[PDB]
>>> print(open('upload.cif').read())   # mmCIF, C-alpha atoms
data_query
#
loop_
_atom_site.group_PDB
_atom_site.id
_atom_site.type_symbol
_atom_site.label_atom_id
_atom_site.label_comp_id
_atom_site.auth_asym_id
_atom_site.auth_seq_id
_atom_site.Cartn_x
_atom_site.Cartn_y
_atom_site.Cartn_z
ATOM 1 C CA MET N 1 48.159 -38.747 -11.410
ATOM 2 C CA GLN N 2 47.179 -38.459 -15.095
ATOM 3 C CA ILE N 3 44.449 -35.949 -16.034
ATOM 4 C CA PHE N 4 42.709 -34.780 -19.233
ATOM 5 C CA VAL N 5 42.223 -31.149 -20.334
ATOM 6 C CA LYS N 6 39.685 -30.129 -23.013
ATOM 7 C CA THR N 7 40.243 -26.795 -24.807
ATOM 8 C CA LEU N 8 37.720 -24.614 -26.690
ATOM 9 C CA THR N 9 38.658 -26.604 -29.831
ATOM 10 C CA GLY N 10 37.337 -29.895 -28.385
ATOM 11 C CA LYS N 11 40.992 -31.014 -28.112
ATOM 12 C CA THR N 12 41.764 -33.176 -25.052
ATOM 13 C CA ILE N 13 45.330 -33.403 -23.693
ATOM 14 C CA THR N 14 46.454 -36.124 -21.255
ATOM 15 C CA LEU N 15 49.179 -34.986 -18.822
ATOM 16 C CA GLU N 16 50.857 -36.488 -15.734
ATOM 17 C CA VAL N 17 50.475 -34.420 -12.540
ATOM 18 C CA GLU N 18 50.103 -34.831 -8.766
ATOM 19 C CA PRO N 19 47.259 -33.844 -6.433
ATOM 20 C CA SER N 20 49.558 -31.428 -4.549
ATOM 21 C CA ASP N 21 50.455 -29.652 -7.827
ATOM 22 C CA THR N 22 49.085 -26.094 -8.112
ATOM 23 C CA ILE N 23 47.059 -24.920 -11.141
ATOM 24 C CA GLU N 24 50.082 -22.765 -12.073
ATOM 25 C CA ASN N 25 52.219 -25.907 -12.469
ATOM 26 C CA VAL N 26 49.428 -27.538 -14.508
ATOM 27 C CA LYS N 27 49.259 -24.559 -16.896
ATOM 28 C CA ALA N 28 53.045 -24.699 -17.394
ATOM 29 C CA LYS N 29 52.667 -28.409 -18.240
ATOM 30 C CA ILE N 30 50.051 -27.655 -20.921
ATOM 31 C CA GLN N 31 52.323 -24.950 -22.386
ATOM 32 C CA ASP N 32 55.287 -27.344 -22.744
ATOM 33 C CA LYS N 33 52.904 -29.800 -24.471
ATOM 34 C CA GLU N 34 51.228 -27.293 -26.836
ATOM 35 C CA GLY N 35 53.113 -23.973 -26.595
ATOM 36 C CA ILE N 36 50.545 -21.568 -25.069
ATOM 37 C CA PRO N 37 51.650 -18.983 -22.490
ATOM 38 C CA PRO N 38 50.564 -19.880 -18.937
ATOM 39 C CA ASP N 39 49.481 -16.244 -18.446
ATOM 40 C CA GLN N 40 46.820 -16.748 -21.152
ATOM 41 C CA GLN N 41 45.796 -20.238 -19.941
ATOM 42 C CA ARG N 42 42.720 -20.605 -17.700
ATOM 43 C CA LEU N 43 41.641 -23.795 -15.885
ATOM 44 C CA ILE N 44 37.896 -24.106 -15.180
ATOM 45 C CA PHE N 45 36.189 -27.150 -13.609
ATOM 46 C CA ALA N 46 32.696 -27.949 -12.239
ATOM 47 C CA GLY N 47 31.742 -24.463 -13.528
ATOM 48 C CA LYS N 48 34.224 -22.892 -11.061
ATOM 49 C CA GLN N 49 37.550 -21.329 -12.130
ATOM 50 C CA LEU N 50 40.590 -22.799 -10.328
ATOM 51 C CA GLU N 51 43.074 -20.393 -8.680
ATOM 52 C CA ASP N 52 46.761 -20.763 -9.643
ATOM 53 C CA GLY N 53 47.498 -20.673 -5.883
ATOM 54 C CA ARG N 54 45.270 -23.740 -5.323
ATOM 55 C CA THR N 55 46.260 -27.392 -5.909
ATOM 56 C CA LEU N 56 44.341 -30.039 -7.903
ATOM 57 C CA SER N 57 43.407 -31.899 -4.682
ATOM 58 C CA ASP N 58 41.891 -28.691 -3.237
ATOM 59 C CA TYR N 59 39.337 -28.854 -6.079
ATOM 60 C CA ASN N 60 38.584 -32.558 -5.463
ATOM 61 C CA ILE N 61 40.317 -33.195 -8.816
ATOM 62 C CA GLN N 62 41.211 -36.912 -8.960
ATOM 63 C CA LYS N 63 42.999 -38.945 -11.677
ATOM 64 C CA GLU N 64 41.242 -39.157 -15.022
ATOM 65 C CA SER N 65 39.619 -35.783 -14.164
ATOM 66 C CA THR N 66 38.676 -33.645 -17.192
ATOM 67 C CA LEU N 67 39.349 -29.900 -16.782
ATOM 68 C CA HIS N 68 38.460 -27.085 -19.219
ATOM 69 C CA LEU N 69 41.224 -24.837 -20.616
ATOM 70 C CA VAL N 70 40.432 -21.356 -21.989
ATOM 71 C CA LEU N 71 42.631 -18.752 -23.725
ATOM 72 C CA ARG N 72 42.619 -15.497 -21.713
ATOM 73 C CA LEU N 73 43.115 -12.388 -23.888
ATOM 74 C CA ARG N 74 44.698 -9.043 -22.914
ATOM 75 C CA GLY N 75 42.022 -7.301 -20.805
ATOM 76 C CA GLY N 76 43.723 -4.886 -18.378
ATOM 77 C CA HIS E 1 42.109 -4.132 3.078
ATOM 78 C CA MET E 2 41.548 -2.513 -0.344
ATOM 79 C CA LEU E 3 38.532 -0.892 -2.044
ATOM 80 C CA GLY E 4 38.497 -3.218 -5.076
ATOM 81 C CA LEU E 5 36.048 -5.797 -3.653
ATOM 82 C CA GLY E 6 36.522 -8.723 -6.073
ATOM 83 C CA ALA E 7 33.394 -10.802 -5.349
ATOM 84 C CA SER E 8 30.412 -10.013 -7.614
ATOM 85 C CA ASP E 9 32.585 -8.479 -10.365
ATOM 86 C CA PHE E 10 32.986 -11.717 -12.367
ATOM 87 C CA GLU E 11 29.337 -12.828 -12.076
ATOM 88 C CA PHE E 12 27.863 -9.403 -12.954
ATOM 89 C CA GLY E 13 30.575 -6.936 -14.051
ATOM 90 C CA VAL E 14 31.137 -9.063 -17.183
ATOM 91 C CA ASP E 15 28.432 -11.781 -17.214
ATOM 92 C CA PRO E 16 28.395 -14.412 -19.975
ATOM 93 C CA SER E 17 27.767 -11.631 -22.529
ATOM 94 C CA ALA E 18 31.327 -10.371 -21.874
ATOM 95 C CA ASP E 19 32.956 -13.621 -23.064
ATOM 96 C CA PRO E 20 31.426 -16.786 -24.492
ATOM 97 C CA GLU E 21 34.647 -18.591 -23.499
ATOM 98 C CA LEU E 22 33.596 -18.308 -19.841
ATOM 99 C CA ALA E 23 29.884 -18.914 -20.514
ATOM 100 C CA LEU E 24 30.649 -21.985 -22.657
ATOM 101 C CA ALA E 25 33.277 -23.384 -20.255
ATOM 102 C CA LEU E 26 30.743 -23.251 -17.394
ATOM 103 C CA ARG E 27 27.977 -24.693 -19.607
ATOM 104 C CA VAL E 28 30.102 -27.738 -20.474
ATOM 105 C CA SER E 29 31.120 -28.356 -16.840
ATOM 106 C CA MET E 30 27.586 -27.932 -15.437
ATOM 107 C CA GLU E 31 26.171 -30.302 -18.088
ATOM 108 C CA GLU E 32 28.710 -33.031 -17.225
ATOM 109 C CA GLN E 33 27.627 -32.807 -13.564
ATOM 110 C CA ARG E 34 23.903 -33.079 -14.402
ATOM 111 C CA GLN E 35 24.414 -36.219 -16.529
ATOM 112 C CA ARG E 36 26.323 -37.671 -13.550
ATOM 113 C CA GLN E 37 23.818 -36.503 -10.905
ATOM 114 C CA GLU E 38 21.013 -38.314 -12.771
ATOM 115 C CA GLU E 39 22.936 -41.457 -13.781
ATOM 116 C CA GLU E 40 24.064 -41.498 -10.137
ATOM 117 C CA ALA E 41 20.671 -40.432 -8.732
ATOM 118 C CA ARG E 42 18.883 -43.361 -10.411
ATOM 119 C CA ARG E 43 21.828 -45.701 -9.688
ATOM 120 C CA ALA E 44 20.893 -45.366 -6.003
ATOM 121 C CA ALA E 45 17.182 -45.691 -6.856
ATOM 122 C CA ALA E 46 17.941 -49.308 -7.836
ATOM 123 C CA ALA E 47 20.472 -49.991 -5.048
ATOM 124 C CA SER E 48 17.972 -48.927 -2.355
ATOM 125 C CA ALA E 49 14.811 -50.262 -4.049
ATOM 126 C CA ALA E 50 16.392 -53.735 -4.358
ATOM 127 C CA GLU E 51 17.815 -53.807 -0.806
ATOM 128 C CA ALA E 52 14.967 -52.025 1.021
ATOM 129 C CA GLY E 53 12.164 -53.074 -1.362
ATOM 130 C CA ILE E 54 12.157 -56.635 -2.761
ATOM 131 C CA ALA E 55 14.524 -57.857 -0.009
ATOM 132 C CA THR E 56 11.697 -58.122 2.560
ATOM 133 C CA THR E 57 9.259 -60.769 3.860
ATOM 134 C CA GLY E 58 5.442 -60.644 3.652
ATOM 135 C CA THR E 59 2.887 -63.258 4.779
ATOM 136 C CA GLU E 60 4.187 -66.843 4.449
ATOM 137 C CA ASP E 61 2.746 -68.709 7.463
ATOM 138 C CA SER E 62 2.397 -72.155 5.834
ATOM 139 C CA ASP E 63 4.649 -71.964 2.746
ATOM 140 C CA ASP E 64 6.276 -75.411 2.983
ATOM 141 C CA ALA E 65 3.116 -76.767 4.626
ATOM 142 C CA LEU E 66 1.181 -76.020 1.428
ATOM 143 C CA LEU E 67 4.013 -77.735 -0.478
ATOM 144 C CA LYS E 68 4.011 -80.776 1.845
ATOM 145 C CA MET E 69 0.284 -81.100 2.683
ATOM 146 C CA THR E 70 -0.595 -80.716 -1.028
ATOM 147 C CA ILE E 71 2.086 -83.174 -2.208
ATOM 148 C CA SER E 72 1.376 -85.425 0.804
ATOM 149 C CA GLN E 73 -2.183 -86.281 -0.298
ATOM 150 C CA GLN E 74 -1.226 -86.300 -4.003
ATOM 151 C CA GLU E 75 1.976 -88.366 -3.628
ATOM 152 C CA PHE E 76 0.469 -90.990 -1.285
ATOM 153 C CA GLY E 77 -2.476 -91.334 -3.701
ATOM 154 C CA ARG E 78 -0.296 -92.201 -6.722
ATOM 155 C CA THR E 79 2.542 -94.730 -6.273
ATOM 156 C CA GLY E 80 2.993 -97.933 -8.343
ATOM 157 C CA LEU E 81 -0.185 -97.183 -10.343
ATOM 158 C CA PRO E 82 -2.616 -94.366 -11.064
ATOM 159 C CA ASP E 83 -5.038 -95.514 -8.328
ATOM 160 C CA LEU E 84 -8.147 -93.514 -9.322
ATOM 161 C CA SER E 85 -10.780 -95.665 -7.558
ATOM 162 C CA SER E 86 -9.556 -94.100 -4.285
ATOM 163 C CA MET E 87 -9.077 -90.565 -5.663
ATOM 164 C CA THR E 88 -12.283 -88.515 -5.295
ATOM 165 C CA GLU E 89 -13.381 -85.700 -7.633
ATOM 166 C CA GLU E 90 -10.831 -83.405 -5.963
ATOM 167 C CA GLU E 91 -8.133 -86.078 -5.562
ATOM 168 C CA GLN E 92 -8.586 -87.007 -9.229
ATOM 169 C CA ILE E 93 -8.754 -83.280 -10.030
ATOM 170 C CA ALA E 94 -5.290 -82.876 -8.461
ATOM 171 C CA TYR E 95 -3.956 -85.614 -10.768
ATOM 172 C CA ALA E 96 -5.795 -84.415 -13.901
ATOM 173 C CA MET E 97 -4.914 -80.778 -13.118
ATOM 174 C CA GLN E 98 -1.290 -81.728 -12.364
ATOM 175 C CA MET E 99 -0.696 -83.142 -15.870
ATOM 176 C CA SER E 100 -2.798 -80.398 -17.519
ATOM 177 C CA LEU E 101 -0.969 -77.506 -15.802
ATOM 178 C CA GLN E 102 2.480 -78.827 -16.821
ATOM 179 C CA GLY E 103 2.451 -76.888 -20.122
ATOM 180 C CA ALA E 104 -0.780 -76.145 -22.028
ATOM 181 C CA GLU E 105 0.822 -75.492 -25.443
ATOM 182 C CA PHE E 106 -2.397 -75.663 -27.507
ATOM 183 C CA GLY E 107 -4.662 -78.699 -26.973
ATOM 184 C CA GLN E 108 -6.346 -78.425 -30.396
ATOM 185 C CA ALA E 109 -3.866 -79.423 -33.134
ATOM 186 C CA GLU E 110 -4.113 -82.810 -34.899
ATOM 187 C CA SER E 111 -5.215 -82.517 -38.552
ATOM 188 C CA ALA E 112 -4.299 -78.921 -39.482
#
>>> encode(input="upload.cif", output="structure tokens")
Amino acid sequence: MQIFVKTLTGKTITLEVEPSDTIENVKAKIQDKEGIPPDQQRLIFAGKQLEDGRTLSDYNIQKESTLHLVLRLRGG
Amino acid sequence: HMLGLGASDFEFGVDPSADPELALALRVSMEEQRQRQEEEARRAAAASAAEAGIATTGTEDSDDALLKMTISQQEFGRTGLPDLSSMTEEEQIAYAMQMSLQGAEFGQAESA
């Protein structure tokens, strides 16, 4: 399943993932494509933040879905 | 299990004033849903108004009868010639009104 991810810079990345893939695996995929650490990557959709322990399908995320990626800073 | 209670700490302990990255990310996702809820809300307004609105009957008791009875007295009147001696003021009116209601473009246009 291919999906799009828009970052705070209006940049949209198209990656290939599955519905059973967890948000943690999706963050690692964005890192290999750009180079950002998965620990600082945040996936937010429909106004709700996705949990690394949850899978894309759990958030009704289907192909062509556009997720929002944010850069988490060091805050405790 | 613990005394951390992580429930209303993200929607109050930090709020959007703690990070515009979280307030902007939720403002872009909520906006995309509204544009879809409306475009989808009205999309059904036309799918239900056309199926459960115009797709219904009304009051057509003699629909073809008006088409046959009217063309029955007008067709039998005219055949191999414009028989007007038999057409009354209404029978002739049906013939004069039939050729006048075919397309009244103007009626007054010869010299200028």
>>> closest_atom_pairs(input="upload.cif", of="chain E", to="chain N", cutoff="8 Å", atoms="all atoms listed in the file", output="Markdown table")
| residue | atom | partner | partner_atom | distance |
| --- | --- | --- | --- | --- |
| E:21 | CA | N:70 | CA | 6.6 |
| E:22 | CA | N:70 | CA | 7.8 |
| E:25 | CA | N:68 | CA | 6.5 |
| E:26 | CA | N:47 | CA | 4.2 |
| E:27 | CA | N:47 | CA | 7.2 |
| E:28 | CA | N:47 | CA | 7.9 |
| E:29 | CA | N:46 | CA | 4.9 |
| E:30 | CA | N:47 | CA | 5.7 |
| E:33 | CA | N:46 | CA | 7.1 |
>>> atom_distance(input="upload.cif", atom1="CA of residue 74 in chain N", atom2="CA of residue 9 in chain N")
19.8 Å
>>> closest_residue(input="upload.cif", among="N:54, N:13, N:18, N:60", to="residue 1 in chain N", atoms="all atoms listed in the file")
N:18
>>> axis_aligned_box(input="upload.cif", around="range 66-72 of chain N", padding_each_side="5 Å", output="JSON")
{"center_x": 40.5, "center_y": -24.6, "center_z": -20.3, "size_x": 14.2, "size_y": 28.1, "size_z": 16.9}
>>> atom_distance(input="upload.cif", atom1="CA of residue 5 in chain E", atom2="CA of residue 51 in chain N")
17.0 Å
>>> atom_distance(input="upload.cif", atom1="CA of residue 3 in chain N", atom2="CA of residue 17 in chain N")
7.1 Å
>>> resolve_selection(input="upload.cif", expression="the PyMOL selection byres ((chain N and resi 25) around 12)", output="list in words")
residues 15, 16, 17, 18, 19, 20, 21, 22, 23, 24, 26, 27, 28, 29, 30, 31, 32, 38, 39, 41, 43, 51, 52, 53, 54, 55 and 56 of chain N
>>> closest_residue(input="upload.cif", among="N:40, N:63, N:58, N:4", to="residue 75 in chain N", atoms="all atoms listed in the file")
N:40
>>> residues_around(input="upload.cif", residues="residue 95 in chain E", least_positions_apart="3", cutoff="12 Å", atoms="all atoms listed in the file", output="PDB file with C-alpha atoms, in the frame of the given file")
ATOM      1  CA  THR E  70      -0.595 -80.716  -1.028  1.00  0.00           C
ATOM      2  CA  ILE E  71       2.086 -83.174  -2.208  1.00  0.00           C
ATOM      3  CA  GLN E  73      -2.183 -86.281  -0.298  1.00  0.00           C
ATOM      4  CA  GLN E  74      -1.226 -86.300  -4.003  1.00  0.00           C
ATOM      5  CA  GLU E  75       1.976 -88.366  -3.628  1.00  0.00           C
ATOM      6  CA  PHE E  76       0.469 -90.990  -1.285  1.00  0.00           C
ATOM      7  CA  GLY E  77      -2.476 -91.334  -3.701  1.00  0.00           C
ATOM      8  CA  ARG E  78      -0.296 -92.201  -6.722  1.00  0.00           C
ATOM      9  CA  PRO E  82      -2.616 -94.366 -11.064  1.00  0.00           C
ATOM     10  CA  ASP E  83      -5.038 -95.514  -8.328  1.00  0.00           C
ATOM     11  CA  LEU E  84      -8.147 -93.514  -9.322  1.00  0.00           C
ATOM     12  CA  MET E  87      -9.077 -90.565  -5.663  1.00  0.00           C
ATOM     13  CA  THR E  88     -12.283 -88.515  -5.295  1.00  0.00           C
ATOM     14  CA  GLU E  89     -13.381 -85.700  -7.633  1.00  0.00           C
ATOM     15  CA  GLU E  90     -10.831 -83.405  -5.963  1.00  0.00           C
ATOM     16  CA  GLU E  91      -8.133 -86.078  -5.562  1.00  0.00           C
ATOM     17  CA  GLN E  92      -8.586 -87.007  -9.229  1.00  0.00           C
ATOM     18  CA  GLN E  98      -1.290 -81.728 -12.364  1.00  0.00           C
ATOM     19  CA  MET E  99      -0.696 -83.142 -15.870  1.00  0.00           C
ATOM     20  CA  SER E 100      -2.798 -80.398 -17.519  1.00  0.00           C
ATOM     21  CA  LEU E 101      -0.969 -77.506 -15.802  1.00  0.00           C
ATOM     22  CA  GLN E 102       2.480 -78.827 -16.821  1.00  0.00           C
TER      23      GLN E 102
END
